[PDB]
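Engineer: This is coords_14.pdb (PDB, C-alpha atoms and all ligand atoms).
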```pdb
ATOM      1  CA  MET O   1      52.570  54.403  22.182  1.00  0.00           C
ATOM      2  CA  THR O   2      51.027  55.937  19.079  1.00  0.00           C
ATOM      3  CA  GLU O   3      47.337  55.077  18.748  1.00  0.00           C
ATOM      4  CA  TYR O   4      46.487  54.604  15.079  1.00  0.00           C
ATOM      5  CA  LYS O   5      43.004  55.807  14.192  1.00  0.00           C
ATOM      6  CA  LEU O   6      41.394  54.123  11.192  1.00  0.00           C
ATOM      7  CA  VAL O   7      38.021  52.697  10.162  1.00  0.00           C
ATOM      8  CA  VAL O   8      36.837  49.954   7.835  1.00  0.00           C
ATOM      9  CA  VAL O   9      34.183  50.926   5.303  1.00  0.00           C
ATOM     10  CA  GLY O  10      32.602  49.056   2.428  1.00  0.00           C
ATOM     11  CA  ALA O  11      29.468  48.172   0.508  1.00  0.00           C
ATOM     12  CA  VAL O  12      26.966  45.364   1.049  1.00  0.00           C
ATOM     13  CA  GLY O  13      28.181  41.874   0.185  1.00  0.00           C
ATOM     14  CA  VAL O  14      31.900  42.446   0.732  1.00  0.00           C
ATOM     15  CA  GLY O  15      32.579  40.493   3.906  1.00  0.00           C
ATOM     16  CA  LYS O  16      34.690  43.110   5.676  1.00  0.00           C
ATOM     17  CA  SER O  17      34.414  41.247   8.988  1.00  0.00           C
ATOM     18  CA  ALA O  18      36.215  38.326   7.342  1.00  0.00           C
ATOM     19  CA  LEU O  19      39.379  40.375   6.867  1.00  0.00           C
ATOM     20  CA  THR O  20      39.235  42.191  10.207  1.00  0.00           C
ATOM     21  CA  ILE O  21      38.748  39.113  12.400  1.00  0.00           C
ATOM     22  CA  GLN O  22      41.400  37.292  10.338  1.00  0.00           C
ATOM     23  CA  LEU O  23      44.019  39.735  11.622  1.00  0.00           C
ATOM     24  CA  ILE O  24      42.447  40.232  15.056  1.00  0.00           C
ATOM     25  CA  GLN O  25      42.217  36.607  16.188  1.00  0.00           C
ATOM     26  CA  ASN O  26      42.946  34.725  12.948  1.00  0.00           C
ATOM     27  CA  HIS O  27      39.401  33.526  12.316  1.00  0.00           C
ATOM     28  CA  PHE O  28      37.266  33.349   9.188  1.00  0.00           C
ATOM     29  CA  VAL O  29      33.472  33.290   9.278  1.00  0.00           C
ATOM     30  CA  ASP O  30      31.433  32.465   6.170  1.00  0.00           C
ATOM     31  CA  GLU O  31      28.227  33.779   7.733  1.00  0.00           C
ATOM     32  CA  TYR O  32      27.126  37.274   6.730  1.00  0.00           C
ATOM     33  CA  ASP O  33      26.454  39.803   9.480  1.00  0.00           C
ATOM     34  CA  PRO O  34      25.749  43.512   8.777  1.00  0.00           C
ATOM     35  CA  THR O  35      28.050  44.919  11.467  1.00  0.00           C
ATOM     36  CA  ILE O  36      26.824  48.455  12.117  1.00  0.00           C
ATOM     37  CA  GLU O  37      29.484  49.337  14.666  1.00  0.00           C
ATOM     38  CA  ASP O  38      31.886  46.657  15.853  1.00  0.00           C
ATOM     39  CA  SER O  39      35.175  47.427  17.582  1.00  0.00           C
ATOM     40  CA  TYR O  40      38.262  45.473  16.543  1.00  0.00           C
ATOM     41  CA  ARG O  41      41.165  46.900  18.544  1.00  0.00           C
ATOM     42  CA  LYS O  42      44.388  44.913  18.753  1.00  0.00           C
ATOM     43  CA  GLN O  43      48.123  45.433  19.207  1.00  0.00           C
ATOM     44  CA  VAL O  44      49.838  45.268  15.829  1.00  0.00           C
ATOM     45  CA  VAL O  45      53.562  45.213  15.082  1.00  0.00           C
ATOM     46  CA  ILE O  46      54.506  47.522  12.207  1.00  0.00           C
ATOM     47  CA  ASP O  47      58.208  47.371  11.268  1.00  0.00           C
ATOM     48  CA  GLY O  48      58.997  46.074  14.730  1.00  0.00           C
ATOM     49  CA  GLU O  49      56.887  48.826  16.262  1.00  0.00           C
ATOM     50  CA  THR O  50      54.146  47.527  18.536  1.00  0.00           C
ATOM     51  CA  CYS O  51      51.255  49.985  18.357  1.00  0.00           C
ATOM     52  CA  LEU O  52      47.547  50.043  19.189  1.00  0.00           C
ATOM     53  CA  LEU O  53      45.156  50.297  16.264  1.00  0.00           C
ATOM     54  CA  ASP O  54      41.685  51.730  16.873  1.00  0.00           C
ATOM     55  CA  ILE O  55      40.069  49.624  14.157  1.00  0.00           C
ATOM     56  CA  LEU O  56      36.311  50.004  13.823  1.00  0.00           C
ATOM     57  CA  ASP O  57      34.049  48.201  11.365  1.00  0.00           C
ATOM     58  CA  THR O  58      31.404  50.498   9.915  1.00  0.00           C
ATOM     59  CA  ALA O  59      28.701  49.525   7.430  1.00  0.00           C
ATOM     60  CA  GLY O  60      28.068  51.686   4.382  1.00  0.00           C
ATOM     61  CA  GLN O  61      24.285  51.571   4.165  1.00  0.00           C
ATOM     62  CA  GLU O  62      22.255  54.401   2.629  1.00  0.00           C
ATOM     63  CA  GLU O  63      20.134  54.224   5.779  1.00  0.00           C
ATOM     64  CA  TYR O  64      22.876  56.274   7.437  1.00  0.00           C
ATOM     65  CA  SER O  65      23.631  59.243   5.213  1.00  0.00           C
ATOM     66  CA  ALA O  66      23.445  62.207   7.585  1.00  0.00           C
ATOM     67  CA  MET O  67      25.179  60.213  10.320  1.00  0.00           C
ATOM     68  CA  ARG O  68      27.959  59.409   7.839  1.00  0.00           C
ATOM     69  CA  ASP O  69      28.455  63.084   6.980  1.00  0.00           C
ATOM     70  CA  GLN O  70      28.565  64.079  10.658  1.00  0.00           C
ATOM     71  CA  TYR O  71      32.318  63.634  11.026  1.00  0.00           C
ATOM     72  CA  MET O  72      35.061  62.212   8.827  1.00  0.00           C
ATOM     73  CA  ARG O  73      38.099  64.410   9.507  1.00  0.00           C
ATOM     74  CA  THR O  74      38.798  62.238  12.559  1.00  0.00           C
ATOM     75  CA  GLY O  75      40.296  59.258  10.748  1.00  0.00           C
ATOM     76  CA  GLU O  76      43.823  58.796   9.451  1.00  0.00           C
ATOM     77  CA  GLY O  77      42.899  56.051   7.029  1.00  0.00           C
ATOM     78  CA  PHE O  78      39.651  54.840   5.533  1.00  0.00           C
ATOM     79  CA  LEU O  79      39.932  51.152   4.714  1.00  0.00           C
ATOM     80  CA  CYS O  80      37.769  50.862   1.635  1.00  0.00           C
ATOM     81  CA  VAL O  81      37.647  47.162   0.890  1.00  0.00           C
ATOM     82  CA  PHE O  82      35.668  45.982  -2.117  1.00  0.00           C
ATOM     83  CA  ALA O  83      35.005  42.564  -3.636  1.00  0.00           C
ATOM     84  CA  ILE O  84      36.233  41.391  -7.048  1.00  0.00           C
ATOM     85  CA  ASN O  85      32.929  39.545  -7.355  1.00  0.00           C
ATOM     86  CA  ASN O  86      30.925  42.731  -6.874  1.00  0.00           C
ATOM     87  CA  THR O  87      31.309  45.113  -9.805  1.00  0.00           C
ATOM     88  CA  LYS O  88      28.951  47.567  -8.110  1.00  0.00           C
ATOM     89  CA  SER O  89      31.233  48.074  -5.100  1.00  0.00           C
ATOM     90  CA  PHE O  90      34.148  48.646  -7.497  1.00  0.00           C
ATOM     91  CA  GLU O  91      32.365  51.483  -9.294  1.00  0.00           C
ATOM     92  CA  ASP O  92      30.889  52.729  -6.004  1.00  0.00           C
ATOM     93  CA  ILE O  93      34.473  53.304  -4.821  1.00  0.00           C
ATOM     94  CA  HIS O  94      34.552  56.393  -7.056  1.00  0.00           C
ATOM     95  CA  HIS O  95      31.709  57.913  -5.036  1.00  0.00           C
ATOM     96  CA  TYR O  96      33.467  57.130  -1.757  1.00  0.00           C
ATOM     97  CA  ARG O  97      36.702  58.564  -3.151  1.00  0.00           C
ATOM     98  CA  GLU O  98      34.941  61.807  -4.073  1.00  0.00           C
ATOM     99  CA  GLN O  99      33.446  61.968  -0.580  1.00  0.00           C
ATOM    100  CA  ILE O 100      36.846  61.499   1.058  1.00  0.00           C
ATOM    101  CA  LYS O 101      38.495  64.188  -1.095  1.00  0.00           C
ATOM    102  CA  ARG O 102      35.632  66.604  -0.388  1.00  0.00           C
ATOM    103  CA  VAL O 103      36.069  66.360   3.383  1.00  0.00           C
ATOM    104  CA  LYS O 104      39.861  65.922   3.425  1.00  0.00           C
ATOM    105  CA  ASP O 105      40.222  69.222   1.519  1.00  0.00           C
ATOM    106  CA  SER O 106      43.543  67.916   0.214  1.00  0.00           C
ATOM    107  CA  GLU O 107      44.782  65.906  -2.758  1.00  0.00           C
ATOM    108  CA  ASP O 108      47.836  64.631  -0.899  1.00  0.00           C
ATOM    109  CA  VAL O 109      46.366  61.612   0.860  1.00  0.00           C
ATOM    110  CA  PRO O 110      47.878  58.107   1.246  1.00  0.00           C
ATOM    111  CA  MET O 111      45.465  55.337   0.267  1.00  0.00           C
ATOM    112  CA  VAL O 112      45.466  51.755  -0.982  1.00  0.00           C
ATOM    113  CA  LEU O 113      43.063  49.537  -2.887  1.00  0.00           C
ATOM    114  CA  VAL O 114      42.443  46.057  -1.513  1.00  0.00           C
ATOM    115  CA  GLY O 115      40.009  43.556  -2.958  1.00  0.00           C
ATOM    116  CA  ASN O 116      38.362  40.655  -1.139  1.00  0.00           C
ATOM    117  CA  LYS O 117      37.021  37.308  -2.413  1.00  0.00           C
ATOM    118  CA  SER O 118      40.004  36.813  -4.727  1.00  0.00           C
ATOM    119  CA  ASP O 119      39.548  33.107  -4.002  1.00  0.00           C
ATOM    120  CA  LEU O 120      36.409  33.139  -6.131  1.00  0.00           C
ATOM    121  CA  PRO O 121      36.558  32.020  -9.797  1.00  0.00           C
ATOM    122  CA  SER O 122      33.537  34.240 -10.314  1.00  0.00           C
ATOM    123  CA  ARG O 123      35.586  37.347 -11.044  1.00  0.00           C
ATOM    124  CA  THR O 124      33.661  40.420 -12.158  1.00  0.00           C
ATOM    125  CA  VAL O 125      36.229  43.129 -11.456  1.00  0.00           C
ATOM    126  CA  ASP O 126      39.212  42.989 -13.798  1.00  0.00           C
ATOM    127  CA  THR O 127      42.625  43.363 -12.157  1.00  0.00           C
ATOM    128  CA  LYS O 128      44.013  45.141 -15.244  1.00  0.00           C
ATOM    129  CA  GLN O 129      41.347  47.860 -15.205  1.00  0.00           C
ATOM    130  CA  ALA O 130      41.617  48.055 -11.421  1.00  0.00           C
ATOM    131  CA  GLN O 131      45.350  48.738 -11.737  1.00  0.00           C
ATOM    132  CA  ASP O 132      44.651  51.585 -14.159  1.00  0.00           C
ATOM    133  CA  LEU O 133      41.984  53.114 -11.924  1.00  0.00           C
ATOM    134  CA  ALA O 134      44.261  52.820  -8.904  1.00  0.00           C
ATOM    135  CA  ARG O 135      47.184  54.342 -10.815  1.00  0.00           C
ATOM    136  CA  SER O 136      44.982  57.323 -11.694  1.00  0.00           C
ATOM    137  CA  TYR O 137      45.018  58.253  -8.010  1.00  0.00           C
ATOM    138  CA  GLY O 138      48.491  56.881  -7.415  1.00  0.00           C
ATOM    139  CA  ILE O 139      47.393  54.142  -5.057  1.00  0.00           C
ATOM    140  CA  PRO O 140      48.419  50.437  -5.135  1.00  0.00           C
ATOM    141  CA  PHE O 141      45.910  47.620  -5.678  1.00  0.00           C
ATOM    142  CA  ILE O 142      46.330  44.287  -3.928  1.00  0.00           C
ATOM    143  CA  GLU O 143      44.073  41.224  -3.905  1.00  0.00           C
ATOM    144  CA  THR O 144      43.459  40.135  -0.309  1.00  0.00           C
ATOM    145  CA  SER O 145      41.379  36.990   0.106  1.00  0.00           C
ATOM    146  CA  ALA O 146      40.218  36.484   3.683  1.00  0.00           C
ATOM    147  CA  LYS O 147      39.367  32.815   3.208  1.00  0.00           C
ATOM    148  CA  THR O 148      42.858  31.645   2.256  1.00  0.00           C
ATOM    149  CA  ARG O 149      44.567  34.796   3.577  1.00  0.00           C
ATOM    150  CA  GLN O 150      46.775  35.595   0.606  1.00  0.00           C
ATOM    151  CA  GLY O 151      49.045  38.625   0.880  1.00  0.00           C
ATOM    152  CA  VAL O 152      46.886  40.158   3.592  1.00  0.00           C
ATOM    153  CA  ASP O 153      49.703  40.600   6.112  1.00  0.00           C
ATOM    154  CA  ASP O 154      51.966  42.302   3.584  1.00  0.00           C
ATOM    155  CA  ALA O 155      49.094  44.494   2.372  1.00  0.00           C
ATOM    156  CA  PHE O 156      48.517  45.830   5.886  1.00  0.00           C
ATOM    157  CA  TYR O 157      52.198  46.739   6.114  1.00  0.00           C
ATOM    158  CA  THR O 158      52.035  48.792   2.926  1.00  0.00           C
ATOM    159  CA  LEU O 159      48.822  50.470   4.083  1.00  0.00           C
ATOM    160  CA  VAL O 160      50.497  51.783   7.233  1.00  0.00           C
ATOM    161  CA  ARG O 161      53.730  52.608   5.368  1.00  0.00           C
ATOM    162  CA  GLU O 162      51.949  55.205   3.252  1.00  0.00           C
ATOM    163  CA  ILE O 163      50.444  56.692   6.427  1.00  0.00           C
ATOM    164  CA  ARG O 164      53.899  56.942   7.982  1.00  0.00           C
ATOM    165  CA  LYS O 165      55.145  58.604   4.793  1.00  0.00           C
ATOM    166  CA  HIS O 166      52.378  61.152   5.243  1.00  0.00           C
ATOM    167  CA  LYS O 167      53.409  61.709   8.861  1.00  0.00           C
ATOM    168  CA  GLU O 168      57.025  62.442   7.911  1.00  0.00           C
TER     169      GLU O 168
HETATM  170  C1  LIG T   1      35.612  59.371  11.843  1.00  0.00           C
HETATM  171  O1  LIG T   1      35.311  58.392  12.839  1.00  0.00           O
HETATM  172  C2  LIG T   1      36.435  57.771  13.283  1.00  0.00           C
HETATM  173  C3  LIG T   1      37.523  57.574  12.440  1.00  0.00           C
HETATM  174  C4  LIG T   1      38.664  56.929  12.906  1.00  0.00           C
HETATM  175  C5  LIG T   1      38.719  56.486  14.221  1.00  0.00           C
HETATM  176  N1  LIG T   1      39.655  55.853  14.918  1.00  0.00           N
HETATM  177  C6  LIG T   1      39.216  55.640  16.161  1.00  0.00           C
HETATM  178  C7  LIG T   1      37.987  56.138  16.290  1.00  0.00           C
HETATM  179  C8  LIG T   1      37.127  56.105  17.559  1.00  0.00           C
HETATM  180  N2  LIG T   1      36.864  54.708  17.942  1.00  0.00           N
HETATM  181  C9  LIG T   1      36.074  54.681  19.182  1.00  0.00           C
HETATM  182  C10 LIG T   1      36.113  54.035  16.874  1.00  0.00           C
HETATM  183  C11 LIG T   1      37.635  56.683  15.064  1.00  0.00           C
HETATM  184  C12 LIG T   1      36.492  57.329  14.601  1.00  0.00           C
END
```
Would you encode the structure as structure tokens?

Structural biologist:
Amino acid sequence: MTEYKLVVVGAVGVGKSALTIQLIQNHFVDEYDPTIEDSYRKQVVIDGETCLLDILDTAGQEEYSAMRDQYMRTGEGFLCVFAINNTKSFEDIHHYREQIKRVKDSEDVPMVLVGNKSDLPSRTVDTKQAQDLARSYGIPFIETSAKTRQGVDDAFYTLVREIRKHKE
């Protein structure tokens, strides 16, 4: 069995744990908890292929800068989930992108753009502009609300598809 190695990163006020737990045990928590290092490993079926995903939830606080630059070339995919309600996290993505490219040492890298809190009428991040920004890198942008769970399953399939395309 192929063990997929990926991590979940994001800014403050995104609610990353809402999306992870939703797929892990189908549960949604409204409470906010700054998960520093929480393991979310589960058997996932991708295209009829049951595999083990080493999913880890990591917080992106400035308190851990050196620790965050310690190692990065040990992950296949970096789940960068932002919130459509947080315009800061949307613009911050550029910084994260630059960081990834710097360490990856390669431009050929499969990535996707998923946004959380799409169930909020308080939209700050425009989908049109997001599409343009995503198309600049060649990555797809999908709105994935954890509360109602809209297009989250399908989004995960596409995320892994690009990784498989990179494999072969
Ligand atoms: C770079 O740190 C990473 C990246 C991806 C990973 N997949 C699995 C692991 C290890 N696991 C114990 C979290 C991991 C670490």

Engineer: Report as an mmCIF file with C-alpha atoms, keeping the file's coordinate frame all protein, DNA and RNA residues lying within 12 Å of residue O:52, evaluated on all atoms listed in the file, omitting residues in the same chain fewer than 4 positions from it.

Structural biologist:
```
data_model
loop_
_atom_site.group_PDB
_atom_site.id
_atom_site.type_symbol
_atom_site.label_atom_id
_atom_site.label_comp_id
_atom_site.auth_asym_id
_atom_site.auth_seq_id
_atom_site.Cartn_x
_atom_site.Cartn_y
_atom_site.Cartn_z
ATOM 1 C CA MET O 1 52.570 54.403 22.182
ATOM 2 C CA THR O 2 51.027 55.937 19.079
ATOM 3 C CA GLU O 3 47.337 55.077 18.748
ATOM 4 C CA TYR O 4 46.487 54.604 15.079
ATOM 5 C CA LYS O 5 43.004 55.807 14.192
ATOM 6 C CA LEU O 6 41.394 54.123 11.192
ATOM 7 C CA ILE O 24 42.447 40.232 15.056
ATOM 8 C CA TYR O 40 38.262 45.473 16.543
ATOM 9 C CA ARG O 41 41.165 46.900 18.544
ATOM 10 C CA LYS O 42 44.388 44.913 18.753
ATOM 11 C CA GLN O 43 48.123 45.433 19.207
ATOM 12 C CA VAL O 44 49.838 45.268 15.829
ATOM 13 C CA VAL O 45 53.562 45.213 15.082
ATOM 14 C CA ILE O 46 54.506 47.522 12.207
#
```

Engineer: List as a PDB file with C-alpha atoms, in the frame of the given file the protein and nucleic acid residues near residue O:80, meaning an atom at most 7 Å away when all atoms listed in the file are counted, but skip any in the same chain fewer than 3 places from it.

Structural biologist:
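Output saved as around-v2.pdb:
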```
ATOM      1  CA  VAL O   8      36.837  49.954   7.835  1.00  0.00           C
ATOM      2  CA  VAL O   9      34.183  50.926   5.303  1.00  0.00           C
ATOM      3  CA  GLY O  10      32.602  49.056   2.428  1.00  0.00           C
TER       4      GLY O  10
END
```

Engineer: Within 8 Å of ligand LIG 1 (chain T), which residues of chain O come that close, and what is the closest atom pair and distance in Å for each? Count only C-alpha atoms and all ligand atoms and give it as CSV.

Structural biologist:
```
residue,atom,partner,partner_atom,distance
O:4,CA,T:LIG1,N1,6.9
O:5,CA,T:LIG1,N1,3.4
O:6,CA,T:LIG1,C4,4.3
O:7,CA,T:LIG1,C4,5.1
O:39,CA,T:LIG1,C10,6.7
O:53,CA,T:LIG1,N1,7.9
O:54,CA,T:LIG1,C6,4.7
O:55,CA,T:LIG1,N1,6.3
O:56,CA,T:LIG1,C10,5.1
O:71,CA,T:LIG1,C1,5.4
O:72,CA,T:LIG1,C1,4.2
O:73,CA,T:LIG1,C1,6.1
O:74,CA,T:LIG1,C1,4.3
O:75,CA,T:LIG1,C4,3.6
O:76,CA,T:LIG1,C4,6.5
O:77,CA,T:LIG1,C4,7.3
O:78,CA,T:LIG1,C4,7.7
```

Engineer: When you draw a straight line from atom CA of residue O:26 to atom CA of residue O:121, how long is it in Å?

Structural biologist: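 Computing it gives 23.8 Å between the two atoms.
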
Engineer: Given the file shown, enumerate the residues that the PyMOL selection byres (((chain O and resi 153) around 12) and not hetatm) captures and present them as a list in words.

Structural biologist: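 Selected by the PyMOL selection byres (((chain O and resi 153) around 12) and not hetatm) in this file: residues 19, 20, 22, 23, 24, 26, 44, 45, 46, 114, 142, 143, 144, 145, 146, 148, 149, 150, 151, 152, 154, 155, 156, 157, 158, 159 and 160 of chain O.
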
Engineer: I need the residues from that last selection saved to file as a compact mmCIF listing (two decimals), in the frame of the given file (with C-alpha atoms), if you can.

Structural biologist:
```txt
# COMPACT_ATOMS: atom_id res chain seq x y z
CA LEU O 19 39.38 40.38 6.87
CA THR O 20 39.24 42.19 10.21
CA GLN O 22 41.40 37.29 10.34
CA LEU O 23 44.02 39.74 11.62
CA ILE O 24 42.45 40.23 15.06
CA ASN O 26 42.95 34.72 12.95
CA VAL O 44 49.84 45.27 15.83
CA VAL O 45 53.56 45.21 15.08
CA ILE O 46 54.51 47.52 12.21
CA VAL O 114 42.44 46.06 -1.51
CA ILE O 142 46.33 44.29 -3.93
CA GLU O 143 44.07 41.22 -3.90
CA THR O 144 43.46 40.14 -0.31
CA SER O 145 41.38 36.99 0.11
CA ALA O 146 40.22 36.48 3.68
CA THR O 148 42.86 31.64 2.26
CA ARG O 149 44.57 34.80 3.58
CA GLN O 150 46.78 35.60 0.61
CA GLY O 151 49.04 38.62 0.88
CA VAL O 152 46.89 40.16 3.59
CA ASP O 154 51.97 42.30 3.58
CA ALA O 155 49.09 44.49 2.37
CA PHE O 156 48.52 45.83 5.89
CA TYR O 157 52.20 46.74 6.11
CA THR O 158 52.04 48.79 2.93
CA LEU O 159 48.82 50.47 4.08
CA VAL O 160 50.50 51.78 7.23
```

Engineer: Around (25.0, 39.4, 4.1) in the file's own coordinates, what residues are found within 6 Å if you use all atoms listed in the file, given back as a PyMOL selection string?

Structural biologist: chain O and resi 13+32-33

Engineer: Restricting the calculation to only C-alpha atoms: of O:128, O:166, O:161, O:27, which residue gets closest to residue O:84?

Structural biologist: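 Between O:128, O:166, O:161, O:27, the residue approaching residue O:84 most closely is O:128.
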
Engineer: Which residues are near residue O:91? Cut-off 12 Å, only C-alpha atoms, ignore same chain within fewer than 3 positions. Put them as an NGL selection string.

Structural biologist: :O and (10-11 or 82-84 or 86-88 or 94-98 or 124-126 or 129-130 or 133-134)

Engineer: Taking all atoms listed in the file into account, which of O:47, O:162, O:36, O:79 comes nearest residue O:63?

Structural biologist: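 Among the listed residues, the smallest separation from residue O:63 belongs to O:36.
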
Engineer: One number please: atom CA of residue O:58 to atom CA of residue O:132, in Å, one decimal.

Structural biologist: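 Atom CA of residue O:58 sits 27.5 Å away from atom CA of residue O:132.
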
Engineer: Work out how far apart atom CA of residue O:147 and atom CA of residue O:92 are and give it in Å to one decimal.

Structural biologist: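 Atom CA of residue O:92 lies at a distance of 23.5 Å from atom CA of residue O:147.
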
Engineer: Measuring atom to atom with only C-alpha atoms, identify which of O:136, O:85, O:65, O:106 is nearest to residue O:122.

Structural biologist: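 Among O:136, O:85, O:65, O:106, it is O:85 that comes nearest to residue O:122.
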
Engineer: For each of O:120, O:51, O:59, O:18, take the minimum atom-to-atom distance to residue O:38, counting only C-alpha atoms, then give the residue where this is smallest.

Structural biologist: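 Going through O:120, O:51, O:59, O:18 one by one, the smallest distance to residue O:38 is for O:59.
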
Engineer: Give the answer as one residue: which of O:21, O:137, O:12, O:31 has the shortest atom-to-atom distance to residue O:62, using only C-alpha atoms?

Structural biologist: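 Ranking O:21, O:137, O:12, O:31 by distance to residue O:62, first place goes to O:12.
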
Engineer: So which one's closest to residue O:167, O:113, O:138, O:108, O:127? Using all atoms listed in the file, please.

Structural biologist: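 For residue O:167, the nearest of the candidates is O:108.
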